[PDB]
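Commentary on secondary and tertiary structure
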Amino acid sequence: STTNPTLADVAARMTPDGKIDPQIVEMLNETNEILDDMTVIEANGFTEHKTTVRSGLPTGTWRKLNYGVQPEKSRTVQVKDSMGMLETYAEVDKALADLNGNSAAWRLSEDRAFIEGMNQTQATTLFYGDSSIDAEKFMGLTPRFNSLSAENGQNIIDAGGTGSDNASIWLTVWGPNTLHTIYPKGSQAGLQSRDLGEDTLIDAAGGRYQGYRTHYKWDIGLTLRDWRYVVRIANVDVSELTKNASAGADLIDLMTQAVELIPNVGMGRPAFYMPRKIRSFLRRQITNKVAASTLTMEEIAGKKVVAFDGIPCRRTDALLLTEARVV
Amino acid sequence: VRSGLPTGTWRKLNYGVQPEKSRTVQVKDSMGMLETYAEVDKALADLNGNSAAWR
Amino acid sequence: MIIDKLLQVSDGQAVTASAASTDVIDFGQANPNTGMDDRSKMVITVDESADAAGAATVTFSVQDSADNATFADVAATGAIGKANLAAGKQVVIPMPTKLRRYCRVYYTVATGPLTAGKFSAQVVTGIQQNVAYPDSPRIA
Amino acid sequence: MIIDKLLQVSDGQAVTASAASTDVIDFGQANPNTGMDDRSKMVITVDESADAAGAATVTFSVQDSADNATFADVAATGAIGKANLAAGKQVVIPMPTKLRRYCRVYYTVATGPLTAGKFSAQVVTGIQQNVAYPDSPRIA
Amino acid sequence: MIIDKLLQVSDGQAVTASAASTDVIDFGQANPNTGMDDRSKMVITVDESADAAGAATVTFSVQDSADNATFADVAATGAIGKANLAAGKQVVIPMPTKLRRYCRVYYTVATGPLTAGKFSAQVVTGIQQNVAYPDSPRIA
């Protein structure tokens, strides 16, 4: 029935009276930035990242007189967590790329979309990483904090929404021992665009083809050493947000209380990650609280949020805006 | 103007995953010409010496 | 006429009833809109001939859909007569400017049913179209 | 959108019954075959709207002739419905790839008859068409 | 979670009767003992769920053989109940330390037969298991 897809004769689709369109307007690329902000350290185990974490304290005892008391033992469990590899080839029939000599120009225009597609996928998966369903992907930010019953359940802050139109904001601290990404022995992070050069292909019959091909490895995992350093602000009903911190859920307290949830921002470096839709209402809500106070005529626009609490507040698009409310 | 990104896949060892294709449509937009002439009888512009002042 | 293995649809379908095409092209977007390409265009070739009880016509027409299920015509040719469909007659439909995902080619056959005739549809850039033009025509 | 005053046909014609275009383009040759410019294209623009008792459709179609006497379809659209003919809708017909002398525009109006609606048909090179395209579309 | 596709058995097998895994792993020796690499381990993931008439249990178990013909259990889980097989439940069986050529995975199903539920078995190094641990829990 429906026929496709490696690279159907729509190189036509990218050209002028002439060669491949260089100034192409990059539409579906979004500026989410954990990938820039995230820390990368080689994972320590064979393809996992082990981490020993204290599970039980000795308590000590009040001891009644003349009575030799029990020794204590500090129980401590360790956790290992894995990586996943995300990689793809990018093939074109050499005959299709060669015409008008836009072989290189094509390879290039296609490439820009690949880099962007990988960042897109990597960041969408860093937040919604289900290793329990997809098996192949490394597990990300949900559902590590999902049910409010989970041991890190106190660290997810219920924004108090309900229904499907509701996001969450993230607050993390990237640093060696509280949260980072991990890459393998010895593959480097991140995104590697090796160009495979021309090589032969196979027609589905067996009937010979011949083409270019490009690889794009990018294999990361994710240590969440301790959930104490990550707090999620869930069920932010976005339809109900108003700039007057009025109906629905306020951002500024729901955001600072997330700041108070972190035991001392010491290392490495904190960051809020909010859907752009949130960032906008945030800007407006801030100026509105400050408006009943002291804001000048010229600072009427409101400086775009930069440092919320001296924590960079980073815009991340690859973060779902209609998330199911977290029961 | 870019219509679709390649989505990639996570691959298990020893198993080649499908190639992706970046879809992209184009949109063109036109012009219009806006012009007029402005004729004056040459005698009328020259008199009282205002040819260039009038013009 | 160069051809995309994938843009080939209805390879040589022996269109006897007023049926739709065998294969449906699936573009990978809501709006491939490949008419804006100013280059793609459907071509339907004829072989061996639209032999039928007659007098019959085959209106070739392209159809869009949101999904591979319900189509609506977005361009058409008109009633091309029989004996205007000998083996070797391209009826070219320039590609509709506003396409959707899933395009197909329908063969609207006016009565009676065709008894013989395959039609080959594919999207190309571009058609091999070279009709001969007059010379003088005085000499001679 | 640049326009040749001579290719302009049906300036703002109130197409009420299923009628033809006012004006007929006479190319100066037996077979202009102006589809091959791969650049020329018919456009029917809309004003003010397809008001009719409804629901009615307007199938725009280009017609050729050998001499200016009898027309025949060489391109067609399909039944563009009312409520798709608001003030401001270019319904584009790519130029038929095989034209003859004397092209005109027929407005095959499916019943009932339109009560109000003007249309502008003209061959341009080429259209102003800038459809809005997606964003993420995850956000937002 | 990285997976070796070759050490993969039961890619997504629909366990209904107490049947064995589709594929049987062949090592290139009589006593691979890859339990000894002290790193390898069978993982069985669950999808979609232990739907059954119930109450049923699914015992995952690795089996060896000298040759690919007659198997015997070398590790076992126990009767893991239905409704402990939500979509996403890694049942890890550590690789038995005395492996022979040809390891397989058998599913000992307690009555009644499982009606829906796939399981994917694979040898990895190693699982992704990082569940959150309490902190105070006085605060909290």
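Residues numbered from 1 in each chain as written, not as in the entry; some residues may be left out. Chains lettered and ligands numbered in written order. Part of a larger assembly, values for the part shown. Heavy atoms only, no water.

Structure determination for this entry is recorded as cryo-EM, at 3.5 Å resolution.

If you look chain C up in the PDB entry, it shows as cementing protein from Bordetella phage BPP-1. Per the header of the deposited record, the title is "A new topology of the HK97-like fold revealed in Bordetella bacteriophage: non-covalent chainmail secured by jellyrolls".

Per the PDB entry, chain A carries the name major capsid protein and comes from Bordetella phage BPP-1.

1. Section: the overall build of chain C
Going by this rule: Here a strand is any run of E in DSSP of at least two residues, a helix any run of H or I of at least four, and the numbering for each starts at the N terminus. The globule rule used here is 2.2 Å times the number of residues to the 0.38 power, and the radius of gyration it is set against is calculated over C-alpha atoms. The contact rule is simple, with two residues in contact once any of their heavy atoms fall within 4.5 Å. Positive: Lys, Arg. Negative: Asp, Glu. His and the chain ends are not part of the count. Note that the charge is assigned to NZ on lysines, CZ on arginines, CG on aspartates and CD on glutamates.
Per the secondary structure count, chain C includes zero helices and nine strands. Going from the N terminus to the C terminus, chain C shows its helices and strands as β-β-β-β-β-β-β-β-β. In summary, chain C has a C-alpha radius of gyration of 16 Å against a globular reference of 14 Å for 140 residues, a match within 12%. Projecting the C-alpha coordinates of chain C onto the three principal axes gives extents of approximately 55 × 35 × 25 Å. Counting contacts in chain C only where the partners sit at least 6 residues apart, residues at least 24 apart contribute 82% of the total. Once the 11 positive and 13 negative side-chain charges of chain C are each reduced to a mean point, those two points are 4 Å apart.

2. Describing the nonpolar core
For soluble globular proteins, nonpolar side chains are generally found buried alongside one another. Residue and element names in this part refer to chain A. The condition that has to hold: The definition of a nonpolar core used throughout is a set of buried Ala, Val, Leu, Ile, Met, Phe, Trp, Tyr and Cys residues joined through side-chain atoms within 4.5 Å. The buried label goes to any residue with under 20% of its type's maximum accessible area, the exposed label to any with over 50%, and the partly exposed label to all in between, with areas taken from a 1.4 Å probe on protein chains only.
In terms of nonpolar packing, the biggest core is built from 31 residues, with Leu171, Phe272, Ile278 and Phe308 touching the most fellow members. Those elements that place two or more of their residues in this core are β7 (166-174), β12 (231-237), α3 (252-261), β13 (269-274) and α4 (276-291). No other element matches α3, which puts five residues into this core. In this structure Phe308 touches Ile252, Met255, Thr256, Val259, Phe272 and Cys313, once residues within four positions along its chain are discounted.

3. Examining the side chain of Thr15 of chain A
Residue position: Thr15 of chain A is located in the loop between β1 (2-3) and β2 (40-42). Beyond its immediate stretch of four places on either side in the chain, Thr15 of chain A contacts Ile20, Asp21 and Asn102 of chain A, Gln26 of chain B together with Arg39 of chain C.

4. Remarks on the interface of chain C and chain B
The condition that has to hold: Buried area counts how much accessible surface, traced with a 1.4 Å probe, disappears from two parts once they are put together, with both parts' losses summed. Put simply, a salt bridge is a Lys or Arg side-chain nitrogen that is within 4 Å of an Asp or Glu carboxyl oxygen. We define a polar contact as two N or O atoms separated by no more than 3.5 Å, with the added condition that, inside protein, one atom must be a possible hydrogen donor and the other a possible acceptor, whereas residues neighbouring each other in sequence contribute only through side-chain atom pairs. In this classification, the charged set is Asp, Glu, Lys and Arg, the nonpolar set is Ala, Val, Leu, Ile, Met, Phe, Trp, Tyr, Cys and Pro, and all remaining amino acids, among them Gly, are polar.
At the interface, seven residues of chain C touch six residues of chain B. Both faces combined, the contact of chain C with chain B buries some 540 Å², and carbon together with sulfur accounts for 46% of it. Our enumeration of links across chain C and chain B arrives at zero salt bridges. At the boundary of chain C and chain B, one finds two residue pairs in polar contact. The residue inventory of the side of chain C that touches chain B, partitioned by class, reads two nonpolar, three polar and two charged.

5. Here we look at the interface of chain B and chain A
The interface is formed by 22 residues belonging to chain B together with 35 residues belonging to chain A. Summing both partners gives a buried area of about 2,500 Å² for chain B against chain A, and 58% of it is carried by carbon and sulfur. If you sort the residues of chain B by the area they bury against chain A, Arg2, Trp10 and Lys21 of chain B come out on top, with a joint share of 34%. Applying the counting rule to chain B against chain A returns two salt bridges. Linking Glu26 of chain A and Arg2 of chain B is a salt bridge whose minimum nitrogen-to-oxygen distance equals 3.5 Å. Where chain B meets chain A, there are eleven residue pairs in polar contact.

6. Regarding the sheet that holds β7 of chain A
Through backbone hydrogen bonds, the strands of a sheet pair up, either in parallel or in antiparallel fashion. Residue and element names in this part refer to chain A. Which entries qualify depends on this criterion: If DSSP finds at least two bridges between two strands, the strands pair. Here, axes are lines fitted to C-alpha atoms. For helices the fit covers the stretch in contact, and angles between N-to-C directions go from 0 to 180 degrees.
Read across the sheet, five strands follow the order β6-β12-β7-β13-β14 without closing on themselves; strand pairing throughout is mixed. Each edge of the open sheet carries a strand with a single partner, namely β6 (156-158) and β14 (313-315). With direction set aside, neighbouring strand axes in the sheet form an average angle of 25°. Of the pairings in the sheet, the one linking β6 to β12 comprises three bridges and is parallel in character. Looking across to β12, one finds that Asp158 is bridged to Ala234. This element, α3, spans β6, β7, β12 and β13 of the sheet and lies at about 160° to β12.

7. What about the sheet that holds strand β9 (residues 114-124) of chain C?
Residues and elements named next belong to chain C. Overall, antiparallel pairing links the four strands, which are arranged β1-β9-β3-β7 in an open sheet. Each edge of the open sheet carries a strand with a single partner, namely β1 (8-14) and β7 (91-94). Each adjacent strand pair in this sheet contributes to an overall mean axis angle of 15°, direction not counted. Here strand β3 (residues 41-52) pairs with β9 via nine bridges, running antiparallel. Bridging across to β9, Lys41 finds its partner in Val124.

8. A look at the arrangement of the chains
The chain pair with the greatest number of contacts, out of eight pairs of chains in contact, is formed by chains A and B. Left apart from each other, chain D and chain E have a closest C-alpha approach of 26 Å.

9. Comments concerning the environment of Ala72 of chain E
Residue and element names in this part refer to chain E. Inspection of the secondary structure puts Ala72 in strand β4 (residues 72-73). Looking at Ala72, the relative accessible area reads 38%, which means it is partly exposed. The sequence separation of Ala72 and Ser136 amounts to 64 residues, and the corresponding C-alpha distance is 47 Å. When sequence neighbours within four positions are dropped, the list of residues in contact with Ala72 reads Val62, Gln63 and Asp64.

10. Brief notes about α3 of chain A
Every α-helix winds through 3.6 residues per turn, so residues three or four apart in the chain are directed the same way. Residues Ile252, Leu254, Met255, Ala258 and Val259 of chain A constitute the buried set of α3 of chain A. At its buried positions, α3 of chain A is contacted by β6, β7, β12, β13 and α4 of chain A.

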